[PDB]
Amino acid sequence: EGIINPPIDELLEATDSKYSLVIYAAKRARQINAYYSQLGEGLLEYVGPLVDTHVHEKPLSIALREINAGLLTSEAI
Amino acid sequence: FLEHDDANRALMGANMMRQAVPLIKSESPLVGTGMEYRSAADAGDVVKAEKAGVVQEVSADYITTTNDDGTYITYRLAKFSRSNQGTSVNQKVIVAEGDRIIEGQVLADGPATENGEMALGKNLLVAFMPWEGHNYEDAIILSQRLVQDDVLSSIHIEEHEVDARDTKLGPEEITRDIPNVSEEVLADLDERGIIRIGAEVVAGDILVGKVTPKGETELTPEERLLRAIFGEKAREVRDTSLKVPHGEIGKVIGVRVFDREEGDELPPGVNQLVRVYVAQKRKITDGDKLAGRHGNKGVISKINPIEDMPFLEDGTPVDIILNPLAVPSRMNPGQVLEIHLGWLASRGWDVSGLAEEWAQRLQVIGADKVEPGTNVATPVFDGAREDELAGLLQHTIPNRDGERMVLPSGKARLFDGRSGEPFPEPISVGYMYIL
Amino acid sequence: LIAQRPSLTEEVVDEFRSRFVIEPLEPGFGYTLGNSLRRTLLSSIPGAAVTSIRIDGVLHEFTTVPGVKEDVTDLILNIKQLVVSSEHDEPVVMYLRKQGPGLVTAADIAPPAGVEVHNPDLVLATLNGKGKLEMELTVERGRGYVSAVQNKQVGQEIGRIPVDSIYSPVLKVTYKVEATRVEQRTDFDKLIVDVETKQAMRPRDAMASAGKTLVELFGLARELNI
Amino acid sequence: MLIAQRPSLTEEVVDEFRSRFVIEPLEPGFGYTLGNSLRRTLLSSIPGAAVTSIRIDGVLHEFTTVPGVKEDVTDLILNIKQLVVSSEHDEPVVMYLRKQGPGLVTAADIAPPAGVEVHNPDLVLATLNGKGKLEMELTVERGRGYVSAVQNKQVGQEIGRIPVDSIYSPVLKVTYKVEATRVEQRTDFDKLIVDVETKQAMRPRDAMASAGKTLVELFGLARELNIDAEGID
Amino acid sequence: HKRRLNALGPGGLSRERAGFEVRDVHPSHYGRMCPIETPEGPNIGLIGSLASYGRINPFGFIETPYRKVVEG
Amino acid sequence: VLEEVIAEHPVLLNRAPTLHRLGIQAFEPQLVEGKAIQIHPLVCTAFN
Amino acid sequence: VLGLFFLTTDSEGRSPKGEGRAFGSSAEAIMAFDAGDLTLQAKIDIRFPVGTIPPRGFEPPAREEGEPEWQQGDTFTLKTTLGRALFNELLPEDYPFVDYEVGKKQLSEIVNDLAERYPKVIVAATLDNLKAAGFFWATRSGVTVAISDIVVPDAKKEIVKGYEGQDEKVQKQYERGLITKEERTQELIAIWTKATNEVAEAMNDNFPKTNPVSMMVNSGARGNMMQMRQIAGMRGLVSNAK
RNA sequence: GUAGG
């Protein structure tokens, strides 16, 4: 229920950088936001929010919550 | 008490007295140098008589006087005329009907004046104590009694004008018939198209209805379809009416109209000019700046209810709270002295036959017997010493039940307002002039 | 150990100022009780006040009436502290009228049945021979202080102007505690509360109202559990 | 006139002795009166019982040492006042203790008399080295609030006996905080949060019920002046 | 505003022409220029109010009164 | 609706001199009456 | 910081009523404080339930027993003030005890330690608790400023008039031309520097530590002693123009 | 231009 709701230290350890974390969370939030703006064309490449969702919310909070739960992953090209 | 203050703080204090704003009702200082009267009379704002006669009729709009020679003079008092900076210039009337007059006597106050004596602010009760962190780093806490009694309230008048300019395509028209608007917005507008007097306005309202002669219109296909379906006509004239600016409220008090074809002359091209006044009464609220005479200034930070204020032993609340941490650091000890003397001016002092050094000095000066509420004058460098203040504190008149609420040290016991228990030690309290 | 329930007694020092004593309170208990009583006796009390007016031949509160030596804003400031007692829940109407040289006063006001003004000596303004004053007053009831802006309910009547109003009749309440004469280590305290209130109502009534509010709210705190 | 929304006390439990209680939105400026009065009354008004004097066999008041026990007298006074009792005799009563041999005498080794009970028996009281030699006798009496230890001449009557600080309040501490809330577009509403930490003897809610009844009586005392009505819900 | 003396203007000490020496007070500004009130902003000391008892000389200098003391 | 929407969205408060990188700091907003920002005392000394 | 310093202050900050007693735990301490017998500044014996890490320097000392005892994580009694107990309750439970004045430097030191050794959210929470407690106890402190709060030293007039006499003698011996003007100015500088230093020392000795100003200058809240010197002592040498 | 920072 706050910006600081997920403590930062756990996010940092998994990511290994203070900048890699922001880029990776931001990419995930972009994907979720575009999914919520799909409005029904139903592209298969897109995926939904793994963790439950509130009636009103911002995609970045959900993204950071997944990072803290650690269900996602990243791989630099 | 200028000698006590530092140089920098007196510099700031003098620089600030020029920025005060007049209030709805003014009151002269209980503690202050004796020169304010001259600096008020010599200033042009007051309205002083020029003959030594007798007043016959007194009314707010005008005062009529007659001299013994036979000359009848009637002075016009300005009411709510916008000042240069945008504040009211109201003038009150002092002289009664049958009172005599000597030449030069003040007959009416200007803005920020009372009985001809300068008054840029009001005299509040004040105590020095930190309070929950709402007065941290110079901030100020004060009762809601100020908001309730209009003690700190100021009128403000905004004037805005529009010109019915003529252009190449044709002349502009100020009229009630505005295009492409609802009927309700044009509710207060007169048939001529000028808003009525006394009709309250808000952001986005319409004051005067002006319409452009014409613009070259090349309507878009969507607009054409919508109009055809709805059966409306996109007429060439366009609305360019003056609206109240965003974030501005007020009640219209006056409107003035000048016309070309009439005898009045305007600059070339313009056919009509209309200027509208909107006047509101701003009360003291959160965020408004406040300051005293000794360079102590801060923004309001919280207007707590009347009961939450730490109330003195008899039950009087303290109207304003000031951080003490500022005083030794800022090196302006005078404000403290003033406060004690301020208290002394509120409840008068009786000193007769005491025979001490300060007692004799007061007796010879004449400042020996005083009733509550009477002002006191401490010239800038001939001001009262500390022995006199201490002696007077020791001999203040009993206010109630034959007791003195302030200790000889100059402090008093303050009960908490919220919790309810008394505070551990007495606190310093007294009256201070705030602008 | 010793069980002693609170007992109240009253005393009058002036007509509208009084002192009330509650002796057997516990240690460190007189101050809290007094502060609670003061806060509730100043915050919430029913009362009546004027809430909007209407001058003939005036469109805003900034203008000046002919015949008076005080403008409309000064008259608002003078009428704001007028104290009125009203029994009707719905709003009621008063009318002021004065002509000729003299001084308009609260005593001059025409009282409708069931509404009264309690400070007749108050002077509202003064008039000369040429002058004339005619005014309407809407009187309502409530508690506390309500601003003119919240009061304003009518855009259309340009002549009507709202005024901020202060319904509550209380002036100031101050409490003091002492040490009981009883020979105990607890050193029980005797609370004594001095209350002084405006001319609207007797303090006794106001304190009874305060008690009603406090007991209702404490019962609300109590009943819901168990 | 009527308050826009009525309050409603409710309970949150975090532990069997600690508890927190919230009042639903209340009129502006009414949180602090309630909070402070509730704190004070819970801390003092609620009655109870506890020891009032302790007596050690073969020890003088100036003699702070007690033979046969590794622990001193000061920590012993701390431990005994830390213990809780439950009595209703309304007059002084004597409780006894006589244990020997090495080991650890706890609050499970107590033998209260009729009408007096020790709710918790798990307090460790004294660790014994060598022969226990432990013999104590103390006095218990009901009381109100808190009374600091004060001399009562009993030392002259018996040198061993000394006063001990007594805690008749069944609650240990009360901490109340008021916080703002937003309701119907308006932020001038306050929620009172009272945190009661009492001991395991009494459930906190019962203590608050007793406190509320006491305050209700004490303020309904004011109604005797006259009858007036105030808008509620 | 009426009494203030301004050093800024045409053919005079401009804003950027200021130095440390001109701004500071001088032993001669006694009874002719109040040393306390001046704008506290960047233009510090380039504006100043006239003293309380000050008066103008026909040439343009400022005089101040002094009481005459003789033989103690 | 506004009170609903502002939350979980940071706003960067900033002071004019901004001598060092603590001049701009993010906060979680919160509605309040009046017309003056409210700031946390502890961070005040960092901005100067 | 004024509130915190008023909290963890050595005795004599007021009249230490009811000092020297032993209390079962902090809870009983606050109940006694509410009763009004105890004072926030008074050395008393306090127990602590399990989980309270003892002072850093208390690690070597321990209680007296014939069996191994680990007071790093169990019961132990200390001699301290009630305010010290409250202040330690503000800090996290894992943080060891502190039994000295906090002022401004020591508070900065413990804050640096917390920021070093703890995650961020805990640090923020403790900073907020410190803020609230400090504001409350600063309110309770009752510091003020009044006519009698600032008192000039009594010895000032005697010493300064003696130095005036010496200066007058040097002026007299200059009136005869025995000493040059430049040299006379040079020695006046020296003598008056001595005089102002001496009056500064006397003023420093006079003022107690319970005076409101001494509290807010010593604690590191706000102020420096030169401003106090020229508020209560003679301002002294002032640079002329240029 | 002049105020406030």
# chains A, B, ... in the order shown; residues from 1 in each chain; ligands from 1
$ residues_around --residues "residue 94 of chain G" --least-positions-apart "5" --cutoff "9 Å" --atoms "only C-alpha atoms (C1' of nucleotides)" --output "number ranges by chain"
G: 51-53
$ residues_around --residues "residue 80 of chain D" --least-positions-apart "6" --cutoff "9 Å" --atoms "only C-alpha atoms (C1' of nucleotides)" --output "PyMOL selection string"
chain D and resi 51+54+125+164
$ select_by_dssp --residues "segment 74-162 of chain G" --states "helix (DSSP H, G or I)" --output "ChimeraX atom specification"
/G:82-90,105-117,120-141,156-162
$ residues_around --residues "segment 23-36 of chain E" --least-positions-apart "4" --cutoff "9 Å" --atoms "only C-alpha atoms (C1' of nucleotides)" --output "number ranges by chain"
B: 7-8, 10-12, 14; E: 5, 18-19, 43-46, 48-55, 62-65; G: 241-242
$ write_last_selection --atoms "C-alpha atoms" --output "mmCIF file, in the first residue's frame"
data_model
loop_
_atom_site.group_PDB
_atom_site.id
_atom_site.type_symbol
_atom_site.label_atom_id
_atom_site.label_comp_id
_atom_site.auth_asym_id
_atom_site.auth_seq_id
_atom_site.Cartn_x
_atom_site.Cartn_y
_atom_site.Cartn_z
ATOM 1 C CA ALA B 7 21.915 45.296 12.936
ATOM 2 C CA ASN B 8 20.795 42.597 10.497
ATOM 3 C CA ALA B 10 16.574 45.571 12.494
ATOM 4 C CA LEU B 11 17.440 45.807 8.790
ATOM 5 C CA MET B 12 15.055 42.957 7.984
ATOM 6 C CA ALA B 14 12.456 47.770 8.693
ATOM 7 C CA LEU E 5 17.751 58.109 -2.579
ATOM 8 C CA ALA E 18 29.256 48.816 -8.000
ATOM 9 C CA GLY E 19 32.228 48.037 -5.790
ATOM 10 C CA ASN E 43 21.409 45.974 -4.928
ATOM 11 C CA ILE E 44 22.671 46.202 -1.341
ATOM 12 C CA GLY E 45 23.773 49.691 -0.354
ATOM 13 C CA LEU E 46 22.959 51.310 -3.707
ATOM 14 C CA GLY E 48 19.170 54.389 1.004
ATOM 15 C CA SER E 49 16.550 56.267 2.949
ATOM 16 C CA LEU E 50 17.038 59.856 4.046
ATOM 17 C CA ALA E 51 17.678 60.460 7.736
ATOM 18 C CA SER E 52 14.878 61.573 10.035
ATOM 19 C CA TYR E 53 16.076 65.158 10.573
ATOM 20 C CA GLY E 54 17.799 65.508 7.206
ATOM 21 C CA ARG E 55 17.417 68.565 5.006
ATOM 22 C CA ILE E 62 22.383 67.332 2.940
ATOM 23 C CA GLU E 63 22.547 69.129 6.281
ATOM 24 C CA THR E 64 21.622 68.024 9.778
ATOM 25 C CA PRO E 65 20.826 70.134 12.852
ATOM 26 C CA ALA G 241 35.701 50.590 7.732
ATOM 27 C CA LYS G 242 37.970 49.282 4.952
#
$ residues_around --residues "residue 23 of chain F" --least-positions-apart "5" --cutoff "12 Å" --atoms "only C-alpha atoms (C1' of nucleotides)" --output "JSON, numbers by chain"
{"F": [12, 13, 14, 15, 16, 17, 18, 43, 44, 45, 46, 47, 48]}
$ interface_residues --of "chain B" --to "chain H" --cutoff "12 Å" --atoms "only C-alpha atoms (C1' of nucleotides)" --output "number ranges by chain"
B: 12, 15-16, 18-19, 85, 289
$ decode --residues "segment 27-49 of chain G" --atoms "N, CA, C and O atoms" --output "short mmCIF file (atom, residue, chain, number, x, y, z; two decimals), in the first residue's frame"
data_model
loop_
_atom_site.label_atom_id
_atom_site.label_comp_id
_atom_site.auth_asym_id
_atom_site.auth_seq_id
_atom_site.Cartn_x
_atom_site.Cartn_y
_atom_site.Cartn_z
N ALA G 27 7.93 -0.66 32.52
CA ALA G 27 6.50 -0.37 32.64
C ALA G 27 6.19 0.25 34.00
O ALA G 27 5.49 1.28 34.09
N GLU G 28 6.72 -0.34 35.06
CA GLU G 28 6.53 0.21 36.38
C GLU G 28 7.17 1.59 36.49
O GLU G 28 6.68 2.45 37.23
N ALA G 29 8.25 1.82 35.75
CA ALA G 29 8.89 3.13 35.76
C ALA G 29 7.96 4.20 35.21
O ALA G 29 7.80 5.26 35.81
N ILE G 30 7.33 3.94 34.06
CA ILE G 30 6.42 4.95 33.54
C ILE G 30 5.20 5.10 34.44
O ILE G 30 4.66 6.20 34.58
N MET G 31 4.72 4.02 35.06
CA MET G 31 3.59 4.20 35.97
C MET G 31 3.99 5.09 37.15
O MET G 31 3.21 5.96 37.56
N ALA G 32 5.19 4.89 37.70
CA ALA G 32 5.65 5.77 38.77
C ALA G 32 5.80 7.20 38.27
O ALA G 32 5.45 8.15 38.98
N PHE G 33 6.32 7.38 37.06
CA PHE G 33 6.49 8.71 36.50
C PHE G 33 5.15 9.43 36.38
O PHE G 33 5.02 10.60 36.75
N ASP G 34 4.14 8.72 35.87
CA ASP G 34 2.79 9.28 35.84
C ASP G 34 2.31 9.61 37.24
O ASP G 34 1.65 10.63 37.45
N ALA G 35 2.63 8.76 38.22
CA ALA G 35 2.28 9.07 39.60
C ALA G 35 2.95 10.34 40.08
O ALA G 35 2.46 10.97 41.03
N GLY G 36 4.06 10.75 39.46
CA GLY G 36 4.72 11.99 39.78
C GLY G 36 5.82 11.90 40.82
O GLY G 36 6.48 12.91 41.08
N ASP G 37 6.03 10.73 41.42
CA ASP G 37 7.11 10.60 42.40
C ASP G 37 8.47 10.56 41.73
O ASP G 37 9.42 11.20 42.19
N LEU G 38 8.59 9.82 40.63
CA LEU G 38 9.86 9.67 39.95
C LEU G 38 10.08 10.83 38.98
O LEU G 38 9.14 11.51 38.55
N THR G 39 11.35 11.05 38.64
CA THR G 39 11.74 12.05 37.65
C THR G 39 12.48 11.37 36.51
O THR G 39 13.22 10.41 36.70
N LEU G 40 12.28 11.92 35.31
CA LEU G 40 12.87 11.33 34.11
C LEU G 40 14.39 11.28 34.22
O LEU G 40 15.04 10.43 33.59
N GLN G 41 14.98 12.18 35.01
CA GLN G 41 16.42 12.21 35.26
C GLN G 41 16.65 11.79 36.70
O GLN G 41 16.54 12.61 37.62
N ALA G 42 16.95 10.51 36.90
CA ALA G 42 17.30 9.99 38.22
C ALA G 42 17.87 8.59 38.07
O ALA G 42 17.27 7.75 37.40
N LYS G 43 19.03 8.33 38.67
CA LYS G 43 19.67 7.03 38.52
C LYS G 43 18.93 6.01 39.37
O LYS G 43 18.86 6.14 40.60
N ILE G 44 18.37 4.99 38.71
CA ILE G 44 17.63 3.93 39.36
C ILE G 44 18.03 2.61 38.71
O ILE G 44 18.63 2.57 37.64
N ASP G 45 17.68 1.51 39.39
CA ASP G 45 17.99 0.17 38.91
C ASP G 45 16.80 -0.38 38.13
O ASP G 45 15.66 -0.37 38.62
N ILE G 46 17.07 -0.87 36.92
CA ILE G 46 16.05 -1.33 35.99
C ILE G 46 16.41 -2.74 35.55
O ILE G 46 17.57 -3.02 35.23
N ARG G 47 15.42 -3.62 35.54
CA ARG G 47 15.53 -4.94 34.94
C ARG G 47 15.11 -4.85 33.47
O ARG G 47 14.51 -3.87 33.04
N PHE G 48 15.43 -5.90 32.71
CA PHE G 48 15.01 -5.98 31.32
C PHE G 48 14.61 -7.42 31.02
O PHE G 48 15.37 -8.35 31.33
N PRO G 49 13.42 -7.66 30.42
CA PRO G 49 13.07 -9.04 30.07
C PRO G 49 13.99 -9.62 29.02
O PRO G 49 14.92 -8.94 28.55
#
